[PDB]
Amino acid sequence: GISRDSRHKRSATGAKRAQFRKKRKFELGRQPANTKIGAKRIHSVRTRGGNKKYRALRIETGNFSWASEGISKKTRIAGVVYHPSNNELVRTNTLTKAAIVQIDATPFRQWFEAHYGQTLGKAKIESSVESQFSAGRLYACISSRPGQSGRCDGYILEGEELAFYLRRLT
Amino acid sequence: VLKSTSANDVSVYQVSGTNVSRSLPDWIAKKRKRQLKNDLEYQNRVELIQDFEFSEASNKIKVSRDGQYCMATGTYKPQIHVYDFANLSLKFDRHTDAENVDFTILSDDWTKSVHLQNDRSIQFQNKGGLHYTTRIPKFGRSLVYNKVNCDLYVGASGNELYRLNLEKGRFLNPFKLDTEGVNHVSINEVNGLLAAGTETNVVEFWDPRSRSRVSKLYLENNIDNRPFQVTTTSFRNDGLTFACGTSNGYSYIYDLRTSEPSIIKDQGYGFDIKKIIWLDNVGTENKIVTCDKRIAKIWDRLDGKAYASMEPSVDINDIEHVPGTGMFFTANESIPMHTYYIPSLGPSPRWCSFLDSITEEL
Amino acid sequence: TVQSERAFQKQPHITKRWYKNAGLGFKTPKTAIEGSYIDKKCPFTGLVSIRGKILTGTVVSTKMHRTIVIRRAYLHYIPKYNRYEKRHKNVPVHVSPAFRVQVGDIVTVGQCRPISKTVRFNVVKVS
Amino acid sequence: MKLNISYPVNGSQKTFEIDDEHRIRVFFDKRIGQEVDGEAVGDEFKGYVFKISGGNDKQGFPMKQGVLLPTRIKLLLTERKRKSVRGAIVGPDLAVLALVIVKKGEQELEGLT
Amino acid sequence: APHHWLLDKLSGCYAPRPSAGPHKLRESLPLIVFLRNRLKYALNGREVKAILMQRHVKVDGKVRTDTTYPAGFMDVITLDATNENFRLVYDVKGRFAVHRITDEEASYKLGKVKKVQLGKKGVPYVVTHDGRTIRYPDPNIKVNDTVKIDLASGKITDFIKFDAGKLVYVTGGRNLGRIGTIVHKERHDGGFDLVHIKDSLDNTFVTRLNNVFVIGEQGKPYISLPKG
RNA sequence: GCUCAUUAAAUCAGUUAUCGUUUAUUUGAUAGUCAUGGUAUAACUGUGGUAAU
RNA sequence: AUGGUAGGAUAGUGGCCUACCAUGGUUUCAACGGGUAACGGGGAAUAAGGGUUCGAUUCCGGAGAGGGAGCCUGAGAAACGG
């Protein structure tokens with residue numbers, strides 16, 4: 001399918017267009033699955049004989065980590081918010097690496113109450129996140145490759161990195 | 001065949017999808033394992049049609065006007081599936097570089113095949129393998145060829161509207177966009193007026209013989225929750241009245257008298273209006289299909305009451321219709337492609353000649 | 001400005017600044033540790049390993065973004081004529097935001113698991 | 001056509017050549033799995049209940065379970081090839097009609113029961 | 001056919017290819033060349049097979065039954081017949097040399113480490129040139145050093161750090177395979193370190209640091225070099 | 001394995017670099033967390049169709 | 001075309017591909033372009049113990065299995081004994 005043969009494009013000095021050989025198997029390329037948010041379907045690819053890759057195409061749940069307390073809780077996925085490479089992906093709700101999403105705040109909420117003894121801004125954390133706990137939708141980012149591992153794994157926004165993205169969302 | 005009531009007292013008949021199970025996708029492994037391990041009387045009751053389990057549903061589904069054909073736009077190892085209703089299997093299975101967002105057939109029975117790729121490009125596709133590939137300035141959502149003017153002109157999320165002629169194979173003097181909402185393209189059959197789906201809910205009527213847009217039509221709502229865009233449009237085969245489908249589920253039904261009033265009719269969910277097709281060919285006419293992401297619905301345009309609510313469990317994104325019949329082609333997000341037929345709409349076609357008999361006698 | 005791109009720039013961290021030594025007697029500058037540039041392709045504080053050719057030359061053109069051109073002059077010896085020929089080899093290299101480079105700028109680089117289509121060398125020392 | 005009749009309760013099986021068109025007409029447009037009384041087909045078949053099971057046509061192409069279309073078509077068959085497939089539904093161009101006895105009636109067949 | 005096998009060009013067309021194994025294939029000498037061809041123990045190729053299946057030969061403390069089994073530099077090849085022990089050592093002129101050693105010298109071999117890292121669960125490990133990886137070495141043992149190996153177990157009884165002024169054997173390059181005990185270590189572009197060597201006639205010779213194999217101190221080598 | 005149509009920093013030759021990678025076989029290291037479960041292919045037994053496999 | 005960054009794809013590097021961002025690259029030290037009958041050339045490799053420089057061996061480079069195009073297994077093929 002996709003070929004990565006470096007010959008056809010021009011040289012540094014402008015020499016070009018040899019077609020020394022035809023396209024072969026080791027210079028291969030396969031295709032993106034623009035994964036969405038839905039009932040989780042797992043794809044199968046056989047790569048270089050022994051190994052395999054996980055295309056993702058529909059994702060329901062994924063594992064996100066809360067960075068302040070360092071705990072990890074599996075997250076139900078709702079919607080896509082921001083991505084820097086192309087905003088066509090967000091308006092089609094497509095997951096890639098470094099993609100801003102919205103999540104359910106209630107799995108991180110249930111950890112906060114019975115383990116500590118407090119509610120969520122009706123044990124001190126940031127102000128811009130504590131107002132988002134009442135909204136039920138927390139903002140999170142992706143730090144995995146769904147095109148390779150198939151998982152929706154990532155990190156929730158905190159710190160000055162929170163202030164960078166929320167400036168873009170207004 | 002299971003018969004399902006849509007609670008409209010109009011019995012809806014379905015096949016080939018979420019309820020039909022093919023226990024022998026591979027007869028070499030499973031059906032040899034079925035003989036000593038089962039009686040297979042339920043599988044003896046299951047009647048598959050045209051022999052495909054086909055993942056990664058499809059971006060679009062098309063049918064030909066002649067030969068009783070189907071196009072299917074697979075995305076697994078992204079591919080194009082062609083079906084013959086005479087032979088009931090794959091005739092032509094080609095794999096594509098990137099996904100075609102919308103497909104357009106040239107005039108009939110896939111003499112050619114025209115794609116609208118995720119890479120900003122059209123692929124020309126013949127009987128032979130992958131005859132020509134193009135490049136487009138912007139990304140693609142929809143495309144329509146017109147037999148008149150020999151032009152296949154495209155546009156999505158662009159500042160200009162891109163006018164390519166297939167005679168002499170060029171593009172020159174392209175049209176422009178008013179504030180870049182061009183999600184959809186639809187053409188009048190009789191008089192050839194262009195339809196457009198805009199973020200500010202405007203339909204742009206560009207006359208190709210005048211090289212210029214005629215008028216704007218705006219949408220207003222009684223509830224009016226959010227700023228909405230019309231995602232897909234349609235023209236009647238008569239060329240009289242207009243179909244407008246917004247993102248909030250509210251069907252807008254317009255008149256080509258250059259006149260603003262409409263009739264409103266919503267789905268219960270209102271997630272989107274996916275595809276709108278006029279039932280002007282089939283008897284008991286003036287009906288029109290309105291489909292959500294999940295809920296599909298056909299209703300009389302002057303009456304506005306539910307004749308059928310066509311609801312598969314897995315969500316879809318596509319409708320395709322065979323004229324004179326109730327043959328409905330939907331791309332449910334699964335391995336089987338749920339197509340389904342309502343006989344109380346109209347008679348079954350000639351390849352479905354026994355397929356009408358199996359359900360009423362049962 | 002640090003955060004001028006469309007994505008948030010950060011080190012992967014494989015002070016709020018993580019450092020490492022590229023080795024071979026190339027010292028970590030003040031701009032590396034107490035700086036503001038992220039530069040995942042930088043020899044110090046980044047994700048490249050200097051192994052292979054450590055070469056030197058003269059920087060001749062700097063008008064690109066985050067990269068420069070080394071001109072590598074030398075003399076060829078032709079055995080047939082028993083003469084010399086003056087030569088040069090214009091090599092483009094990635095420069096890091098720790099080294100103050102203009103036309104001139106005697107430079108030292110290191111082979112860095114080729115970065116982009118001609119760049120095999122990243123700037124590690126400028127004199 | 002011929003009726004390849006099997007009786008699995010005893011396990012025996014026997015074919016009957018049937019040349020009369022009144023006898024075959026009951027089986028027309030019936031499908032594999034359907035319950036068929038041969039008492040209209042024959043007086044010695046009084047009370048019998050038959051299920052259609054399989055068979056072939058006059059060119060060897062078998063009826064496959066529930067495909068459709070009582071003409072012949074070509075299918076992608078099981079590493080998969082394409083051969084010609086005769087449909088699931090009984091037509092007059094069948095050389096045979098193999099079936100199976102479901103409920104037994106009054107009279108008996110010597111070589112069968 | 002390569003240089004260092006001492007085969008004639010005669011006696012048959014095809015050269016006996018080496019098997020994959022511990023040593024590099026161009027560095028290897030197969031056992032078919034070792035038995036019937038140089039030591040003249042067998043005559044035909046089939047006669048090598050009868051010796052191996054009866055397990056007469058053992059290489060480096062293992063049974064080692066294979067016709068084209070790759071034997072390389074510094075390999076104790078113990079033959080159970082004759083009570084004689086053989087150690088391969090390269091000859092200056094470009095070729096390999098079969099050498100007699102003692103029973104105590106057949107106990108130990110020397111091995112150049114090629115790469116050292118930290119294994120799983122915090123375990124140091126060194127990787128010899130014969131591919132013998134050993135858990136828990138001395139942290140003094142670092143890159144390009146030799147390792148004395150017990151061969152009853154995989155243990156390390158002696159180790160010699162690379163320092164200038166110690167008796168070095170060369171494994172590779174043009175000037176491959178002499179004494180010369182060190183001049184110093186040069187740095188160059190791309191690495192390409194040229195560890196200089198001055199022989200018994202005190203003449204400078206230049207090969208790569210990759211080719212350097214430390215076979216002893218200034219004065220003493222740890223193994224019985226063949227004298228001639 | 002045979003046959004048809006001529007490439008100038010390309011091939012090739014050596015050289016690295018693989019801390020940029022994948023590897024069946026080769027070799028060397030390396031794992032404390034019901035006297036017998038449940039399925040399953042056929043061959044075969046006999047009936048046939050098909051100009052034919 | 002030169003590069004930046006982000007994503008994708010891949011066994012992996014990577015403008016490989018695409019967004020967005022800068023205007024660069026090689027060059028009288030000859031870039032780039034043209035001619036090559038490139039059966040000419042490679043110590044690739046022994047060779048001829050006086051035939052004066054002879055030999056044989058290996059390497060060319062690419063494509064194909066009626067023509068196009070798409071695919072599947074396998075460490076490896078984009079395999080014509082699918």
# chains A, B, ... in the order shown; residues from 1 in each chain; ligands from 1
>>> interface_residues(of="chain B", to="chain D", cutoff="8 Å", atoms="only C-alpha atoms", output="list in words")
residues 26, 27, 28, 41, 44, 45, 46, 47, 48, 49, 51, 86, 87, 88, 89, 90, 351, 353, 354 and 355 of chain B
>>> write_last_selection(atoms="C-alpha atoms", output="short mmCIF file (atom, residue, chain, number, x, y, z; two decimals), in the first residue's frame")
data_model
loop_
_atom_site.label_atom_id
_atom_site.label_comp_id
_atom_site.auth_asym_id
_atom_site.auth_seq_id
_atom_site.Cartn_x
_atom_site.Cartn_y
_atom_site.Cartn_z
CA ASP B 26 -15.75 -20.52 8.00
CA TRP B 27 -17.36 -23.87 7.20
CA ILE B 28 -13.96 -25.61 7.34
CA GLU B 41 -31.95 -26.22 13.14
CA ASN B 44 -31.18 -24.03 9.09
CA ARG B 45 -33.68 -21.26 9.84
CA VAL B 46 -31.05 -18.54 9.29
CA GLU B 47 -31.03 -17.43 5.64
CA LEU B 48 -28.01 -15.32 4.73
CA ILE B 49 -28.09 -12.93 1.78
CA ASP B 51 -22.52 -13.97 1.50
CA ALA B 86 -27.83 -11.83 -9.49
CA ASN B 87 -24.83 -13.76 -8.16
CA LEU B 88 -25.03 -12.84 -4.43
CA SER B 89 -21.35 -12.38 -3.52
CA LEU B 90 -18.35 -10.20 -4.19
CA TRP B 351 -33.76 -11.01 -6.93
CA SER B 353 -38.71 -12.59 -5.55
CA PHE B 354 -38.83 -15.35 -2.96
CA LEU B 355 -37.67 -13.02 -0.16
#
>>> closest_atom_pairs(of="segment 2-26 of chain A", to="segment 7-11 of chain F", cutoff="12 Å", atoms="only C-alpha atoms (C1' of nucleotides)", output="Markdown table")
| residue | atom | partner | partner_atom | distance |
| --- | --- | --- | --- | --- |
| A:7 | CA | F:10 | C1' | 9.9 |
| A:11 | CA | F:9 | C1' | 10.8 |
| A:12 | CA | F:9 | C1' | 11.9 |
| A:13 | CA | F:9 | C1' | 11.4 |
| A:15 | CA | F:9 | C1' | 10.5 |
| A:16 | CA | F:10 | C1' | 11.2 |
| A:17 | CA | F:10 | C1' | 11.6 |
| A:18 | CA | F:7 | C1' | 8.5 |
| A:19 | CA | F:7 | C1' | 9.7 |
| A:20 | CA | F:7 | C1' | 7.4 |
| A:21 | CA | F:7 | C1' | 10.5 |
>>> interface_residues(of="chain G", to="chain E", cutoff="12 Å", atoms="only C-alpha atoms (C1' of nucleotides)", output="PyMOL selection string")
chain G and resi 45-47+57
>>> residues_around(residues="residue 59 of chain G", least_positions_apart="6", cutoff="9 Å", atoms="only C-alpha atoms (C1' of nucleotides)", output="VMD selection string")
(chain F and resid 12) or (chain G and resid 42 44)
>>> write_last_selection(atoms="N, CA, C and O atoms (P, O5', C5', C4', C3', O3' and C1' of nucleotides)", output="PDB file, in the first residue's frame")
ATOM      1  P     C F  12      24.642  -2.754  -4.486  1.00  0.00           P
ATOM      2  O5'   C F  12      26.206  -2.937  -4.717  1.00  0.00           O
ATOM      3  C5'   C F  12      26.702  -3.848  -5.686  1.00  0.00           C
ATOM      4  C4'   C F  12      28.103  -3.486  -6.108  1.00  0.00           C
ATOM      5  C3'   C F  12      29.158  -3.562  -5.023  1.00  0.00           C
ATOM      6  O3'   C F  12      29.597  -4.888  -4.790  1.00  0.00           O
ATOM      7  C1'   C F  12      29.418  -1.552  -6.253  1.00  0.00           C
TER       8        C F  12
ATOM      9  P     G G  42      38.422  -2.895 -13.838  1.00  0.00           P
ATOM     10  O5'   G G  42      37.846  -3.188 -12.385  1.00  0.00           O
ATOM     11  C5'   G G  42      37.361  -2.140 -11.559  1.00  0.00           C
ATOM     12  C4'   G G  42      36.531  -2.703 -10.437  1.00  0.00           C
ATOM     13  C3'   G G  42      37.174  -3.851  -9.677  1.00  0.00           C
ATOM     14  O3'   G G  42      38.103  -3.436  -8.692  1.00  0.00           O
ATOM     15  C1'   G G  42      35.006  -4.480 -10.302  1.00  0.00           C
ATOM     16  P     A G  44      38.679  -5.850  -5.113  1.00  0.00           P
ATOM     17  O5'   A G  44      37.288  -6.599  -5.299  1.00  0.00           O
ATOM     18  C5'   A G  44      36.681  -7.278  -4.213  1.00  0.00           C
ATOM     19  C4'   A G  44      36.130  -8.617  -4.631  1.00  0.00           C
ATOM     20  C3'   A G  44      37.141  -9.733  -4.830  1.00  0.00           C
ATOM     21  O3'   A G  44      37.586 -10.310  -3.614  1.00  0.00           O
ATOM     22  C1'   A G  44      35.609  -9.735  -6.622  1.00  0.00           C
TER      23        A G  44
END
>>> select_by_dssp(residues="chain A", states="alpha helix (DSSP H)", output="ChimeraX atom specification")
/A:88-91,106-116,127-135,159-169
>>> residues_around(residues="residue 22 of chain F", least_positions_apart="6", cutoff="10 Å", atoms="only C-alpha atoms (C1' of nucleotides)", output="PDB file with N, CA and C atoms (P, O5', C5', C4', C3', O3' and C1' of nucleotides), in the first residue's frame")
ATOM      1  N   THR A  47       2.418  -8.301  12.083  1.00  0.00           N
ATOM      2  CA  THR A  47       3.499  -7.402  11.684  1.00  0.00           C
ATOM      3  C   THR A  47       4.841  -8.112  11.772  1.00  0.00           C
ATOM      4  N   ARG A  48       5.525  -8.216  10.624  1.00  0.00           N
ATOM      5  CA  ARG A  48       6.846  -8.850  10.492  1.00  0.00           C
ATOM      6  C   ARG A  48       6.872 -10.265  11.062  1.00  0.00           C
ATOM      7  N   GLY A  49       5.866 -11.054  10.707  1.00  0.00           N
ATOM      8  CA  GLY A  49       5.855 -12.451  11.077  1.00  0.00           C
ATOM      9  C   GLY A  49       5.460 -12.708  12.515  1.00  0.00           C
ATOM     10  N   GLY A  50       6.341 -12.369  13.448  1.00  0.00           N
ATOM     11  CA  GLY A  50       6.118 -12.746  14.826  1.00  0.00           C
ATOM     12  C   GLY A  50       5.313 -11.752  15.630  1.00  0.00           C
ATOM     13  N   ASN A  51       5.404 -10.475  15.281  1.00  0.00           N
ATOM     14  CA  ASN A  51       4.834  -9.431  16.116  1.00  0.00           C
ATOM     15  C   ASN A  51       3.463  -9.004  15.610  1.00  0.00           C
TER      16      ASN A  51
ATOM     17  P     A G  11       5.355  -3.597  10.590  1.00  0.00           P
ATOM     18  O5'   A G  11       6.589  -3.390  11.567  1.00  0.00           O
ATOM     19  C5'   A G  11       6.673  -4.095  12.794  1.00  0.00           C
ATOM     20  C4'   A G  11       8.006  -3.863  13.447  1.00  0.00           C
ATOM     21  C3'   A G  11       8.433  -2.409  13.540  1.00  0.00           C
ATOM     22  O3'   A G  11       7.863  -1.733  14.644  1.00  0.00           O
ATOM     23  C1'   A G  11      10.215  -3.707  12.687  1.00  0.00           C
ATOM     24  P     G G  12       7.139  -0.320  14.421  1.00  0.00           P
ATOM     25  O5'   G G  12       8.344   0.706  14.264  1.00  0.00           O
ATOM     26  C5'   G G  12       9.038   1.161  15.413  1.00  0.00           C
ATOM     27  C4'   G G  12      10.472   1.515  15.115  1.00  0.00           C
ATOM     28  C3'   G G  12      10.710   2.763  14.290  1.00  0.00           C
ATOM     29  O3'   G G  12      10.539   3.966  15.016  1.00  0.00           O
ATOM     30  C1'   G G  12      12.110   1.035  13.516  1.00  0.00           C
ATOM     31  P     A G  75       6.597 -17.063  10.857  1.00  0.00           P
ATOM     32  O5'   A G  75       7.884 -16.183  10.544  1.00  0.00           O
ATOM     33  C5'   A G  75       8.312 -15.182  11.455  1.00  0.00           C
ATOM     34  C4'   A G  75       9.603 -14.544  11.014  1.00  0.00           C
ATOM     35  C3'   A G  75       9.636 -14.015   9.590  1.00  0.00           C
ATOM     36  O3'   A G  75       9.025 -12.747   9.439  1.00  0.00           O
ATOM     37  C1'   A G  75      11.553 -15.313   9.961  1.00  0.00           C
TER      38        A G  75
END
>>> select_by_dssp(residues="segment 73-226 of chain E", states="strand (DSSP E or B)", output="number ranges by chain")
E: 76-79, 84-91, 95-101, 109-119, 123-128, 133-135, 146-149, 156-160, 168-170, 185, 188, 191, 194-195, 197-198, 204-205, 208, 212-214, 216, 221
>>> decode(residues="chain F", atoms="C-alpha atoms (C1' of nucleotides)", output="PDB file, in the first residue's frame")
ATOM      1  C1'   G F   1      14.602 -21.468 -11.674  1.00  0.00           C
ATOM      2  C1'   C F   2      14.558 -19.329 -16.730  1.00  0.00           C
ATOM      3  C1'   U F   3      13.405 -15.169 -20.234  1.00  0.00           C
ATOM      4  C1'   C F   4      12.679  -9.815 -21.937  1.00  0.00           C
ATOM      5  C1'   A F   5      13.955  -4.708 -21.734  1.00  0.00           C
ATOM      6  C1'   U F   6      20.331  -0.768 -20.340  1.00  0.00           C
ATOM      7  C1'   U F   7      21.347   2.498 -14.477  1.00  0.00           C
ATOM      8  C1'   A F   8      26.650   8.013 -13.448  1.00  0.00           C
ATOM      9  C1'   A F   9      27.065   9.632  -6.049  1.00  0.00           C
ATOM     10  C1'   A F  10      23.194   5.212  -8.290  1.00  0.00           C
ATOM     11  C1'   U F  11      25.174   0.446  -8.198  1.00  0.00           C
ATOM     12  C1'   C F  12      29.418  -1.552  -6.253  1.00  0.00           C
ATOM     13  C1'   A F  13      33.833  -1.742  -2.951  1.00  0.00           C
ATOM     14  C1'   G F  14      35.211  -1.196   1.932  1.00  0.00           C
ATOM     15  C1'   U F  15      33.667   1.330   6.185  1.00  0.00           C
ATOM     16  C1'   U F  16      30.655   2.421  10.189  1.00  0.00           C
ATOM     17  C1'   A F  17      26.003   3.362  12.963  1.00  0.00           C
ATOM     18  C1'   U F  18      22.607   0.402  14.879  1.00  0.00           C
ATOM     19  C1'   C F  19      21.781   3.727  22.356  1.00  0.00           C
ATOM     20  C1'   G F  20      17.214   3.522  14.916  1.00  0.00           C
ATOM     21  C1'   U F  21      15.508  -1.790  13.899  1.00  0.00           C
ATOM     22  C1'   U F  22      13.114  -7.262  13.152  1.00  0.00           C
ATOM     23  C1'   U F  23      14.830 -12.212  13.259  1.00  0.00           C
ATOM     24  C1'   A F  24      12.939 -19.284  12.533  1.00  0.00           C
ATOM     25  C1'   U F  25      17.464 -21.754  13.363  1.00  0.00           C
ATOM     26  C1'   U F  26      23.059 -21.319  16.737  1.00  0.00           C
ATOM     27  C1'   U F  27      24.962 -20.518  21.516  1.00  0.00           C
ATOM     28  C1'   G F  28      25.152 -18.388  26.468  1.00  0.00           C
ATOM     29  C1'   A F  29      22.307 -16.554  30.849  1.00  0.00           C
ATOM     30  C1'   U F  30      17.608 -16.552  33.248  1.00  0.00           C
ATOM     31  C1'   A F  31      11.015 -17.657  36.534  1.00  0.00           C
ATOM     32  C1'   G F  32       8.452 -20.262  44.173  1.00  0.00           C
ATOM     33  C1'   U F  33       3.520 -16.077  44.004  1.00  0.00           C
ATOM     34  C1'   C F  34      -6.148 -33.817  39.196  1.00  0.00           C
ATOM     35  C1'   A F  35      -5.037 -42.250  39.367  1.00  0.00           C
ATOM     36  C1'   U F  36      -6.213 -37.159  34.945  1.00  0.00           C
ATOM     37  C1'   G F  37     -11.291 -31.658  32.899  1.00  0.00           C
ATOM     38  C1'   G F  38     -14.291 -30.580  28.883  1.00  0.00           C
ATOM     39  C1'   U F  39     -14.492 -30.820  23.892  1.00  0.00           C
ATOM     40  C1'   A F  40     -13.484 -32.246  19.310  1.00  0.00           C
ATOM     41  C1'   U F  41     -11.895 -34.223  13.108  1.00  0.00           C
ATOM     42  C1'   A F  42     -12.699 -38.353  10.308  1.00  0.00           C
ATOM     43  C1'   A F  43     -12.180 -43.095   8.508  1.00  0.00           C
ATOM     44  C1'   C F  44     -16.127 -46.128   8.506  1.00  0.00           C
ATOM     45  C1'   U F  45     -21.837 -48.218   7.926  1.00  0.00           C
ATOM     46  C1'   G F  46     -25.146 -47.764   4.132  1.00  0.00           C
ATOM     47  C1'   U F  47     -28.305 -44.117  -0.009  1.00  0.00           C
ATOM     48  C1'   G F  48     -27.766 -41.186  -4.185  1.00  0.00           C
ATOM     49  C1'   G F  49     -27.045 -37.255  -7.725  1.00  0.00           C
ATOM     50  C1'   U F  50     -23.830 -35.395 -11.523  1.00  0.00           C
ATOM     51  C1'   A F  51     -21.665 -35.648 -19.290  1.00  0.00           C
ATOM     52  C1'   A F  52     -17.745 -34.688 -15.714  1.00  0.00           C
ATOM     53  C1'   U F  53     -13.572 -33.175 -10.876  1.00  0.00           C
TER      54        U F  53
END
